[PDB]
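Undergrad:
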RNA sequence: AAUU
DNA sequence: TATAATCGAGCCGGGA
DNA sequence: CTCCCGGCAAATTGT
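Protein chains in written order, with the entry's author numbering: chain D, 212 to 368; chain F, 86 to 170.
1. Count Cβ pairs between the stretch 217-229 of chain D and the stretch 293-301 of chain D that sit closer than 8 Å; are there 3 or more?
2. Suppose the cutoff is 8 Å on Cβ atoms and the five residues either side in sequence are ignored; what does the same chain contact list for residue 325 (chain D) look like?
3. Which of helix, strand or coil does DSSP assign to residue 323 (chain D)?
4. Could you tell me how far apart the beta carbons of residue 143 (chain F) and residue 151 (chain F) are, in whole angstroms, since I believe they sit closer than 8 Å?
5. Give me, in chain order, the residues of the same chain whose beta-carbon lies closer than 8 Å to that of residue 223 (chain D); leave out the 5 immediate sequence neighbours on both sides.
6. Run through chain D and tell me which residues come within less than 7 Å of residue 104 (chain F), C-beta to C-beta.
7. Given a threshold of 16 other Cβ atoms within 10 Å of its Cβ, counted over all protein chains shown, does residue 359 (chain D) qualify as buried or as exposed?
8. Taking beta-carbon pairs under 7 Å, can you tell me which members of the stretch 329-362 of chain D lie near chain F?
9. Go ahead and pull the three-state DSSP assignment for residue 313 (chain D).
10. Which residues, taken in chain order from the stretch 92-116 of chain F, show a beta carbon closer than 8 Å to some beta carbon of chain D?
11. Could you check whether residue 329 (chain D) and residue 242 (chain D) sit closer than 7 Å to each other, using their CB atoms as the reference points?
12. How would you label residue 129 (chain F), buried or exposed, when you count the other beta carbons within 10 angstroms and need 16 or more for buried?
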């Protein structure tokens with residue numbers, strides 16, 4: 212199983228009274244607490260690329276094949292859209308209910324925040340690992356040790 | 086009774102050993118190129134250290150008498166190689 | 001197996 | 001030189 | 001005690 216390192220930048224919008232101010236979020240850390248359920252809505256029109264992690268999700272809107280927006284749904288936020296769904300500006304992507312926190316496997320390094328009306332839009336610099344499994348057949352040998360660091364092109368088996 | 090003390094190989098284990106042997110012969114071939122030493126002489130020196138001090142004797146085809154003096158010299162010349170060699 |  | 005084969009089939013005295 | 005090894009007549013012939 213290779214856990215691949217992905218470092219990206221994805222946005223989120225929350226009420227302002229409901230979010231806890233921090234410069235970074237450790238995994239599991241409480242991100243915001245919502246008095247009542249909140250609907251996180253699309254700020255762009257596009258087709259939905261849904262990427263679900265163990266807990267938490269990534270959501271990506273694209274016109275043509277060029278991504279126009281990257282959203283992050285932490286834990287406590289249930290996607291209301293399915294992969295390949297057409298959305299218009301303003302339609303709810305996910306409902307956020309109660310306490311929402313960073314997922315157990317994914318972090319938040321630097322956090323920039325802009326304030327508009329009664330909401331904050333977080334620009335998040337996120338780092339996480341995506342697992343991929345490989346089956347090793349009897350005539351194959353693994354040439355790499357447990358915990359090794361590999362770049363693109365390095366031989367594993 | 087003595088043979089029954091060596092367990093039979095798994096399909097994986099069989100391939101690993103067979104693989105290591107092929108790769109090992111190839112290593113001896115390269116060590117010949119790098120060093121300019123007879124492939125058999127290198128092979129006998131490698132083999133000498135694996136089997137241990139127990140077996141050290143003159144080998145026919147080889148031009149040199151194979152004794153701890155020569156096996157230390159030749160092994161020490163092999164250990165005088167750069168890390169990648 | 002014989003002979004003494 | 002290449003399917004795979006993996007554990008056999010007479011009585012007697014004397015000395016350690 | 002038990003076992004393990006050493007002994008156990010000569011010459012001759014014959015298929």
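The beta carbon of each residue, even a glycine, is placed where N, CA and C say it ideally should be.
TA: Well, looking at it:
1. no
2. 331, 332 and 334
3. Three-state result, residue 323 (chain D): strand.
4. 5 Å
5. 251, 282, 283, 284, 285, 332, 333 and 335
6. 352
7. It is exposed - the Cβ of residue 359 (chain D) has fewer than 16 other Cβ atoms within 10 Å.
8. The residues in question are 349, 350 and 352.
9. coil
10. 96, 97, 100, 101 and 104
11. no
12. buried
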